[PDB]
């Protein structure tokens, strides 16, 4: 199930800094990761990979301690999921989208966490309708 599968991954990364840092580094540099094939099943085939990796690298440069902050983890999780997604080899690479629909579904996934799978109201962080953090 794409929904439940996305929910599991994002909980593991948003709630755990060490796992999020590991996950992000593996997606950015393409090394083994337990969510490798999961990531590929969730994102439609796209041309966004290099853009996502640039974004990831800008963030690490500007704030090394990004993994300390839950809002940043959610954002970097979004970019990392795209960074490890299946790329269309025949098309020009293009800019990452701000949101996309999880593969084979109308489940929206938003980078700024306004809508869909991951929702951040500045009080809670809600993953798949389940509140996982509350300030």
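Positions refer to the first chain, counted from 1.
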Higher-B stretch (mean Cα B-factor, as the entry records it), 125-133 or 3-11: 125-133
Given 55-63 and 94-102, the range whose Cα B-factors average higher in the PDB entry: 55-63
Residue selected from 32, 85, 68, 47 by maximal Cα B factor: 68
Chain-relative CA temperature factor third for residue 17: highest
